[PDB]
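A.B. asks: target_39.cif (mmCIF, C-alpha atoms; chains and numbers go by the auth columns) pasted underneath:
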data_upload
#
loop_
_atom_site.group_PDB
_atom_site.id
_atom_site.type_symbol
_atom_site.label_atom_id
_atom_site.label_comp_id
_atom_site.label_asym_id
_atom_site.label_seq_id
_atom_site.Cartn_x
_atom_site.Cartn_y
_atom_site.Cartn_z
_atom_site.B_iso_or_equiv
_atom_site.auth_seq_id
_atom_site.auth_asym_id
ATOM 1 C CA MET A 1 -66.681 -12.316 -158.066 0.00 1 A
ATOM 2 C CA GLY A 2 -70.399 -12.002 -158.950 0.00 2 A
ATOM 3 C CA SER A 3 -71.647 -8.361 -158.849 0.00 3 A
ATOM 4 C CA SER A 4 -74.977 -8.073 -160.754 0.00 4 A
ATOM 5 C CA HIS A 5 -77.349 -5.042 -160.577 0.00 5 A
ATOM 6 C CA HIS A 6 -81.016 -6.054 -159.944 0.00 6 A
ATOM 7 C CA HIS A 7 -83.368 -3.856 -162.065 0.00 7 A
ATOM 8 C CA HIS A 8 -87.142 -3.215 -162.530 0.00 8 A
ATOM 9 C CA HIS A 9 -89.739 -0.626 -163.680 0.00 9 A
ATOM 10 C CA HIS A 10 -92.881 0.074 -161.558 0.00 10 A
ATOM 11 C CA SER A 11 -95.841 -0.823 -163.882 0.00 11 A
ATOM 12 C CA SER A 12 -99.358 -2.152 -162.996 0.00 12 A
ATOM 13 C CA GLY A 13 -100.468 -2.522 -166.662 0.00 13 A
ATOM 14 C CA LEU A 14 -103.955 -1.264 -165.732 0.00 14 A
ATOM 15 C CA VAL A 15 -105.516 0.412 -162.644 0.00 15 A
ATOM 16 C CA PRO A 16 -107.355 -2.369 -160.558 0.00 16 A
ATOM 17 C CA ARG A 17 -111.024 -1.208 -160.935 0.00 17 A
ATOM 18 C CA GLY A 18 -112.178 -3.532 -158.070 0.00 18 A
ATOM 19 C CA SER A 19 -109.660 -1.955 -155.631 0.00 19 A
ATOM 20 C CA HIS A 20 -109.391 1.254 -153.493 0.00 20 A
ATOM 21 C CA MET A 21 -106.973 3.789 -155.117 0.00 21 A
ATOM 22 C CA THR A 22 -104.708 5.527 -152.537 0.00 22 A
ATOM 23 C CA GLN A 23 -105.394 9.317 -152.941 0.00 23 A
ATOM 24 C CA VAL A 24 -102.743 11.910 -151.853 0.00 24 A
ATOM 25 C CA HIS A 25 -104.334 15.263 -150.866 0.00 25 A
ATOM 26 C CA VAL A 26 -101.917 18.266 -150.867 0.00 26 A
ATOM 27 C CA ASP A 27 -102.161 22.004 -151.885 0.00 27 A
ATOM 28 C CA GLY A 28 -105.783 21.389 -153.082 0.00 28 A
ATOM 29 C CA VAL A 29 -104.392 18.932 -155.701 0.00 29 A
ATOM 30 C CA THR A 30 -105.559 15.270 -155.360 0.00 30 A
ATOM 31 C CA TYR A 31 -103.151 12.613 -156.686 0.00 31 A
ATOM 32 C CA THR A 32 -104.341 8.960 -156.926 0.00 32 A
ATOM 33 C CA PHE A 33 -101.924 5.980 -156.905 0.00 33 A
ATOM 34 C CA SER A 34 -103.472 2.462 -156.929 0.00 34 A
ATOM 35 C CA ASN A 35 -100.143 1.174 -155.502 0.00 35 A
ATOM 36 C CA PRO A 36 -99.893 2.714 -151.911 0.00 36 A
ATOM 37 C CA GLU A 37 -96.037 2.626 -152.297 0.00 37 A
ATOM 38 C CA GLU A 38 -96.156 5.608 -154.725 0.00 38 A
ATOM 39 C CA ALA A 39 -98.771 7.425 -152.602 0.00 39 A
ATOM 40 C CA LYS A 40 -96.594 7.148 -149.429 0.00 40 A
ATOM 41 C CA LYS A 41 -93.461 8.093 -151.428 0.00 41 A
ATOM 42 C CA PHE A 42 -95.113 11.333 -152.681 0.00 42 A
ATOM 43 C CA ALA A 43 -96.758 12.083 -149.283 0.00 43 A
ATOM 44 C CA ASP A 44 -93.512 11.622 -147.286 0.00 44 A
ATOM 45 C CA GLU A 45 -91.284 13.658 -149.660 0.00 45 A
ATOM 46 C CA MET A 46 -93.866 16.496 -149.839 0.00 46 A
ATOM 47 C CA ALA A 47 -94.513 16.576 -146.028 0.00 47 A
ATOM 48 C CA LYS A 48 -90.704 16.418 -145.471 0.00 48 A
ATOM 49 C CA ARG A 49 -89.913 19.767 -147.202 0.00 49 A
ATOM 50 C CA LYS A 50 -93.015 21.373 -145.556 0.00 50 A
ATOM 51 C CA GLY A 51 -92.030 20.037 -142.083 0.00 51 A
ATOM 52 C CA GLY A 52 -95.425 18.297 -141.563 0.00 52 A
ATOM 53 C CA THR A 53 -96.736 14.654 -141.536 0.00 53 A
ATOM 54 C CA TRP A 54 -99.393 12.391 -143.214 0.00 54 A
ATOM 55 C CA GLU A 55 -101.535 9.211 -142.570 0.00 55 A
ATOM 56 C CA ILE A 56 -103.326 6.377 -144.505 0.00 56 A
ATOM 57 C CA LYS A 57 -107.046 5.929 -143.580 0.00 57 A
ATOM 58 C CA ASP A 58 -109.312 4.275 -146.246 0.00 58 A
ATOM 59 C CA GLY A 59 -106.631 5.150 -148.847 0.00 59 A
ATOM 60 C CA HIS A 60 -107.012 8.859 -147.889 0.00 60 A
ATOM 61 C CA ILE A 61 -103.645 10.580 -147.310 0.00 61 A
ATOM 62 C CA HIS A 62 -103.344 14.281 -146.281 0.00 62 A
ATOM 63 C CA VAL A 63 -99.960 16.085 -146.468 0.00 63 A
ATOM 64 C CA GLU A 64 -99.839 18.604 -143.581 0.00 64 A
#
Represent the supplied structure as structure tokens.
C.D. replies:
Amino acid sequence: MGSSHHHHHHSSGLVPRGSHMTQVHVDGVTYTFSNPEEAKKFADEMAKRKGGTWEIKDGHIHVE
């Protein structure tokens, strides 16, 4: 008794202009996610299939 599905959509509304946007650097292409959650999600998944790693330093991520 009592089985409810929690639900949400990831939305910032605007990009915080007074905040460092977490850039993902892979294959020459530079993605930029203000929320580091999305940046890590992309970086991990991309580095996973390649067999490499990544790091966060001053919002700068590099997918090996």
A.B. asks: Apply the PyMOL selection byres ((chain A and resi 64) around 7) to the file shown and report the selected residues as a VMD selection string.
C.D. replies: chain A and resid 47 52 to 54 62 to 63
A.B. asks: Applying the PyMOL selection byres ((chain A and resi 12-14) around 12) to the file I just gave you, which residues come out? Please list them as a PDB file with C-alpha atoms, keeping the file's coordinate frame.
C.D. replies:
ATOM      1  CA  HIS A   9     -89.739  -0.626-163.680  1.00  0.00           C
ATOM      2  CA  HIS A  10     -92.881   0.074-161.558  1.00  0.00           C
ATOM      3  CA  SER A  11     -95.841  -0.823-163.882  1.00  0.00           C
ATOM      4  CA  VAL A  15    -105.516   0.412-162.644  1.00  0.00           C
ATOM      5  CA  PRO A  16    -107.355  -2.369-160.558  1.00  0.00           C
ATOM      6  CA  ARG A  17    -111.024  -1.208-160.935  1.00  0.00           C
ATOM      7  CA  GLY A  18    -112.178  -3.532-158.070  1.00  0.00           C
ATOM      8  CA  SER A  19    -109.660  -1.955-155.631  1.00  0.00           C
ATOM      9  CA  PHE A  33    -101.924   5.980-156.905  1.00  0.00           C
ATOM     10  CA  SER A  34    -103.472   2.462-156.929  1.00  0.00           C
ATOM     11  CA  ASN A  35    -100.143   1.174-155.502  1.00  0.00           C
ATOM     12  CA  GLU A  38     -96.156   5.608-154.725  1.00  0.00           C
TER      13      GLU A  38
END
A.B. asks: May I ask for the distance between CA of residue 24 (chain A) and CA of residue 60 (chain A), given in Å to one decimal place?
C.D. replies: 6.6 Å
A.B. asks: So what does the PyMOL selection byres ((chain A and resi 36) around 10) actually pick up in this one, as a PyMOL selection string?
C.D. replies: chain A and resi 20-24+32-35+37-42+56+59+61
A.B. asks: Can you write out the residues you just picked, keeping C-alpha atoms, as a JSON list (two decimals), in the frame of the given file?
C.D. replies:
[["chain", "number", "residue", "atom", "x", "y", "z"],
["A", 20, "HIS", "CA", -109.39, 1.25, -153.49],
["A", 21, "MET", "CA", -106.97, 3.79, -155.12],
["A", 22, "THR", "CA", -104.71, 5.53, -152.54],
["A", 23, "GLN", "CA", -105.39, 9.32, -152.94],
["A", 24, "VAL", "CA", -102.74, 11.91, -151.85],
["A", 32, "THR", "CA", -104.34, 8.96, -156.93],
["A", 33, "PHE", "CA", -101.92, 5.98, -156.90],
["A", 34, "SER", "CA", -103.47, 2.46, -156.93],
["A", 35, "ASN", "CA", -100.14, 1.17, -155.50],
["A", 37, "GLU", "CA", -96.04, 2.63, -152.30],
["A", 38, "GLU", "CA", -96.16, 5.61, -154.72],
["A", 39, "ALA", "CA", -98.77, 7.42, -152.60],
["A", 40, "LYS", "CA", -96.59, 7.15, -149.43],
["A", 41, "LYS", "CA", -93.46, 8.09, -151.43],
["A", 42, "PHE", "CA", -95.11, 11.33, -152.68],
["A", 56, "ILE", "CA", -103.33, 6.38, -144.50],
["A", 59, "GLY", "CA", -106.63, 5.15, -148.85],
["A", 61, "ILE", "CA", -103.64, 10.58, -147.31]]
A.B. asks: To one decimal in Å, tell me the separation between CA of residue 7 (chain A) and CA of residue 43 (chain A).
C.D. replies: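 Between CA of residue 7 (chain A) and CA of residue 43 (chain A) the gap works out to 24.4 Å.
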A.B. asks: How many Å separate CA of residue 46 (chain A) from CA of residue 26 (chain A)?
C.D. replies: 8.3 Å
